[PDB]
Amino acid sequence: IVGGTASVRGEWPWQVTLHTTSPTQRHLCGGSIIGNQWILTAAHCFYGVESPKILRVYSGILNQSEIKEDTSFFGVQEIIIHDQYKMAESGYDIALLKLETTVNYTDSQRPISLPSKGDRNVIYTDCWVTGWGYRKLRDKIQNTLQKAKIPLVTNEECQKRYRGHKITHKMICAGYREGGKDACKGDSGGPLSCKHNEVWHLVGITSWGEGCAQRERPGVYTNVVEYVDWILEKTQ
């Protein structure tokens, strides 16, 4: 996250850190708890991943330094990538991880609801992007989970900033005209969480963009509401 601030314990309890364990253990991407055995994340995170065997999902983490040799984590039973996925910029950048066991919900780990059925006309004005990603180019994964409030921009405006790409209604964009706040490497797969009537909803999945926090280059997110039929079918 560029231009964000440190989160505190229990602030974003649906946020998880997905680690790969070979050839080193490192944070790969973010994700969101959406059910007791289900993480919603970005398909592009799994490029070159030979199987779910090398993944670990950590929930209830604020600082990456908390993760030690005895820190509990969930194994991944299955990676479900959208059948239309090809590359992040084309869309369909969405994946489910089915965990090997259930997540017990606490103040530090609990699910986020998807955008509600019937809320098409809701205008989201309080959206936040979170993660352990870079705070600038050529950075490293951050220790403390960062947060930034980012305004949604219309798909029409987003398309004008990305004339070389097809911005579809399966994507949503968010960013400031002058840049300064955005997601960056290591944030993909995590949530774009929006609060409406004091309830958080998972409106976007961090997916792609040109650089990080550049002026007139908003972040592009998977528009979760357009995948509810797919999510529900896979998690039923």
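The first residue of the sequence shown is number 1, and the count goes up from there.
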Mean temperature factor over C-alpha atoms, higher-scoring stretch between 118-126 and 89-97: 118-126
Higher-scoring stretch by recorded Cα B factor average, 58-66 or 26-34: 58-66
Within-chain third of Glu178 by Cα B-factor, per the entry: highest
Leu192 - Cα temperature factor, lowest/middle/highest third of chain: lowest
CA B-factor placement of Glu226, once the chain's modelled residues are sorted into thirds: lowest
Cα B factor band for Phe46 (lowest, middle or highest third within the chain): middle
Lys147, C-alpha B-factor rank within chain (lowest, middle or highest third): lowest
